[PDB]
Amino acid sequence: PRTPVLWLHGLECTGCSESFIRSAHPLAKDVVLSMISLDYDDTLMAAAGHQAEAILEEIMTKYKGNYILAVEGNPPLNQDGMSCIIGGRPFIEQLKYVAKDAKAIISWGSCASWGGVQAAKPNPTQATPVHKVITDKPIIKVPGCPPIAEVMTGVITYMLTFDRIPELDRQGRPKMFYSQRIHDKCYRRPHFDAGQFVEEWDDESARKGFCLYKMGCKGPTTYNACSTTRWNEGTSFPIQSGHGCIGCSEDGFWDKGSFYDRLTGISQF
């Protein structure tokens, strides 16, 4: 009845797991108790050590080609893979083992999707995104650092209801959540259109909610649901609270210059 989810953790900060449990519609409680069977998840699971590891074999056998593999974080290729050790073995071995019989694979967040902060220059561990390691399975990327809670649960809900991965863009992201740039529906857009910008923090323009483009806002080049769905049950989003988007859902955003350096070619947008 309830589809198993094996939720693996590589090199990560656990922010994607945290975002997940903030979901209001649906409640994470209802997802765990009534929608999925969350059978492996280091953050919440009762079993440890040998007892935890033994669950993976059991679910993979009983639900072969009928469980979802969810991945938070990524595998390092340097240090012989032992900059991320699980059961005395490299994480990449667990990832490959669990991936082989999964119905579908979810790359949660920017780390799993693209590399994340650990893959920013000079990438000491050679952290590598999931889709560059697992090349023979269907993968949905749900980028963002972390993704919006309702986007994460929205993906799960679609997959459970329809037993399909939703339509993806060229980069493997769900169009139902990543089709718009932040700048498209950002409530500060009328200020941008009128050339009304913040130039220094807490200037008169900032107190009037003027556009954050000149303070480095990467909304014009960033695809996410932040300006519409917003964060923590539609409470706010980075721009509403006064900081420009830093581009956190985009591939390699950490190495696209200072967060406070403005985009060039304002005519473009």
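Numbers for residues come from their place in the sequence shown, where the first is 1.
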Pick between 21 to 29 and 245 to 253: the one whose mean CA B-factor in the entry is higher. 21 to 29
On average, which has the higher Cα B-factor in the deposited entry, 222 to 230 or 60 to 68? 60 to 68
One of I36, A206, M215, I239 has the largest Cα B-factor in the entry, namely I36
Go through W114, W108, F162, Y97 one by one and give the residue whose Cα B-factor in the PDB entry is largest. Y97
Can you tell me whether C186 has a C-alpha B-factor in the lowest, middle or highest third compared with the other modelled residues of the same chain? middle
Split the chain's modelled residues into thirds by Cα B-factor; is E53 in the lowest, middle or highest one? highest
Modelled-residue ranking by C-alpha temperature factor, third containing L8: lowest
Tertile call for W201 (CA temperature factor, within chain, third-based) is the lowest
Should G195 be placed in the lowest, middle or highest third of its chain by the C-alpha B factor in the entry? highest
